[PDB]
């Protein structure tokens, strides 16, 4: 009887006060799911647990100690139990799209068999080839344009009511979305940052009043030349839901950002200039001067990358339903040639959600498609949780190629030892031509009052 973190709910109604039909989480329970609770709190957040214990945000390392808080962590008084476990992702090696789909759809233990038992458990009939006594065995997997249709092999003759009527299981509408957080990289091949030039000069205090309260700002326009390779072809059908900057690797800063909904393969590189502005707030004593140095660099990186693209697809089960064993909510006995489709992946609507239909299986007005509590009493809760955990298992594909970028940047503005004015104003020269040629454009040194 485990505490399920997705059912925790946090209320702001004072000490140990939880909403209605909710009760406070205790220390032993917060302990068994600490990583989960803390990961759902603000950095320096502090929320209450039962009996005067508190759990602190991640910035405090998620410590649980005696305390009091105005907001509490609450757990249902009537939790929904038996959640579908969530197994580890099934990683399929990169390749062109039919090799990736192909590899998935022919996997007996991780696909063919688990989806067959599903069509079987829900009441569909003849879910297996006629050269076997077990479900999901001896199945012919054929192509169907964009889709794949797995259907029991019919070679020969069968015996049973409409036994020559095998349930078809068809896979379609495949989509691949890249998870930017999945970034990883092989050995950094090319790598280095050459100091191409170092600008030095002075900042002078021609006054009897010491100066402070002025910022010395530097601004340049540098370019970033980057390029990337796509080893296989899936690359052309995969996309990102929302843009992201290419990850920092090395010390070498770069500003490259990938676009959403535009195929990975179409984004292979380019040159992009940027406007950067370095700055310092010096303090030069009266009738004195301080030295200012600025180190300019060129850098480059080369390394093999790898991101993961999750796969989702529509799963249609079509065939007639059994007599005296059907999971549909109305429970037909007339053997209707039923046709239903679940979406394995991100949510779309309630009808195609096993998880949604399964977690709501007790709100009477919710059960309008399949009768999940029916399947449970027929088969048993574990049987069903292991069946749905495998059919719902996360499937990810590797996306790879090579990465290479090159850029020029300036370190910060560094000041020296104030020295007695010789026998704020800047005496630091810039040769716009030489820097344009070193890859630095529009470089300017401004002086502005602090604020």
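Residue numbers count along the first chain shown, from 1.
Novice: Are residue 423 and residue 424 truly consecutive in the deposited sequence, or are residues between them missing coordinates? Give the number as none, 1 to 3, 4 to 9, or 10 or more.
Specialist: The entry has a long gap there, with 10 or more residues left out between residue 423 and residue 424.
Novice: Highest mean C-alpha temperature factor of the two stretches 438 to 446 and 13 to 21, which is it?
Specialist: That would be 438 to 446.
Novice: May I ask you to compare 390 to 398 and 53 to 61 by their mean CA B factor in the entry and name the higher one?
Specialist: According to the entry, 390 to 398 carries the higher average C-alpha B-factor.
Novice: If I read the C-alpha B-factors straight from the PDB entry, which of 371, 300, 181, 253 is highest?
Specialist: It is 253.
Novice: Maximum C-alpha temperature factor per the entry, among 227, 153, 172, 231, belongs to which one?
Specialist: The record points to 153.
Novice: Quick check on the deposited entry: does the C-alpha B-factor of residue 351 sit in the lowest, middle or highest third of its chain?
Specialist: Bottom third by C-alpha B-factor.
Novice: So where's residue 293 on the chain's Cα temperature factor ranking, which third?
Specialist: Tercile = middle for this residue's CA B-factor.
Novice: What third of its chain, lowest, middle or highest, does the C-alpha temperature factor of residue 107 fall into?
Specialist: As the PDB entry reports it, the C-alpha B-factor of residue 107 lands in the lowest third of its chain.
Novice: Going by the recorded CA B-factors, say which third of the chain residue 168 sits in, lowest, middle or highest.
Specialist: Within its chain, residue 168 is a middle-third residue by C-alpha B-factor, going by the deposited values.
Novice: So where's residue 113 on the chain's Cα temperature factor ranking, which third?
Specialist: It belongs to the lowest third of the chain when residues are ordered by C-alpha B-factor.
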